[PDB]
Amino acid sequence: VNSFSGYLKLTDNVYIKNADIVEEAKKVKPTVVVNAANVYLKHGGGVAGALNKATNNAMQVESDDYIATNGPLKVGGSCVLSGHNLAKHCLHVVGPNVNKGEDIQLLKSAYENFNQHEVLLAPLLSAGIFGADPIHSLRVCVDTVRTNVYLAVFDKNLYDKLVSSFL
Ligand SMILES: CS(=O)(=O)[C@@H]1CCCN(c2ncnc3[nH]c4cc(F)ccc4c23)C1
């Protein structure tokens, strides 16, 4: 039993809710919140900008030190950093950004990072300003992630479309 509330169950292990991931993280304080990161961990907008803003820029300060030491992530890769005031940990995952021409097949590799964590609060990878089709992202999530994932979808309209079209 966990503390996530109001989710619709899509499969054995995937759940979905119309929610603001920042507010959801602030209430649940999950072990892991997933960030929709880029390879430079520059959290300027979308989910990343909102998560970082909620940490009063502490996420960005920590991220800049990580990059200075380790260099950029790979598209499809991830790193575990602090969750600050939002979660115990933040799993920064880089889905492909269609608006940069990155290969959509890397979306499966990106979701594989979730399997290293038993339970996660997450957005749909490569959705929003990353330019991929969110219905496709949900399909890849369901077909790739085997651990327990609670998906927060900010836009109520998109949420309804994702549920109604789910196979
Ligand atoms: C590539 S993206 O991350 O922008 C993708 C596109 C749609 C919006 N995104 C979110 N999904 C879940 N919760 C969210 N809170 C947010 C707060 C914001 F100020 C902006 C986006 C989100 C958000 C997912």
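Ideal geometry is used to build each Cβ from the backbone, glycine not excepted, and the neighbour counts take in all protein chains shown. Any read-out appearing in this document is the output of simple, stated calculations on the displayed coordinates, not a laboratory observation.
On the stretch given as the range 19-47, residues that are in a helix (DSSP H, G or I) and out of contact with any helix residue (DSSP H, G or I) (no Cβ under 8 Å at 6 or more places or on another chain) total 4. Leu158 satisfies every condition listed in (1) under 16 Å from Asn35 (Cβ atoms); (2) within 15 Å of the ligand (Cβ to nearest atom) except (1). Taking the criterion of being in contact with a strand residue (DSSP E or B) (Cβ under 7 Å, 6 or more places away or on another chain) and polar (S, T, N, Q), the only residue of the range 104-121 that qualifies is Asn113. Mind listing just one residue for me: the one in the range 108-144 that is more than 16 Å from the ligand (Cβ to nearest atom) and not in a helix (DSSP H, G or I) and, of those, surrounded by the fewest Cβ atoms within 10 Å (Cβ to Cβ)? That would be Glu118. Residue pairs whose Cβ atoms lie under 8 Å apart, sitting 6 or more positions apart in sequence or on different chains, and linking a residue in the range 8-22 that is closer than 10 Å to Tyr150 by Cα to a partner that is basic (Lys, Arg) and more than 9 Å from the ligand (Cβ to nearest atom), are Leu8/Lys17; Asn13/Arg146; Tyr15/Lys9.
Residues that are among the hydroxyl-bearing types (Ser, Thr, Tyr), within 16 Å of the ligand (Cβ to nearest atom) and either farther than 17 Å from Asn18 by Cα or surrounded by 14 or more Cβ atoms within 10 Å (Cβ to Cβ) (or both): does the range 81-91 have at least one?
Initially, the range 81-91 is screened for residues among the hydroxyl-bearing types (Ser, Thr, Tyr), giving 82.
From the residues that got through so far, the ones that are within 16 Å of the ligand (Cβ to nearest atom) too are none.
Checking the range 81-91: not a single residue is among the hydroxyl-bearing types (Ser, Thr, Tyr), within 16 Å of the ligand (Cβ to nearest atom) and either farther than 17 Å from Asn18 by Cα or surrounded by 14 or more Cβ atoms within 10 Å (Cβ to Cβ) (or both).
Residues in the range 23-53 that are over 22 Å from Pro72 (Cα atoms), within 10 Å of the ligand (Cβ to nearest atom) and surrounded by 19 or more Cβ atoms within 10 Å (Cβ to Cβ): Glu24, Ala25.
Scoring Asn52 on the criteria (1) over 26 Å from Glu118 (Cα atoms); (2) part of a helix (DSSP H, G or I); (3) among the polar types (S, T, N, Q) leaves a single failure, condition (1).
When the residues of the range 64-80 are filtered to those that are small (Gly, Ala, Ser) and either more than 16 Å from the ligand (Cβ to nearest atom) or surrounded by fewer than 16 Cβ atoms within 10 Å (Cβ to Cβ) (or both), which remaining residue is farthest from the chain's Cα centre (by Cα)?
Taking the range 64-80 first, the residues small (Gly, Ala, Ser) are 68, 71, 76-78.
From what is left, the residues that are either more than 16 Å from the ligand (Cβ to nearest atom) or surrounded by fewer than 16 Cβ atoms within 10 Å (Cβ to Cβ) (or both) are 68, 71, 77.
Working: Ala68: 23, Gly71: 21, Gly77: 12 Å.
Filtering first and then ranking leaves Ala68.
Residue pairs whose Cβ atoms lie under 7 Å apart, separated by 6 or more positions or on different chains, with the first residue in the range 112-133 and on the phi > 0 side of the Ramachandran plot and the second more than 13 Å from the ligand (Cβ to nearest atom) and part of a loop (DSSP other than H, G, I, E, B), do not occur.
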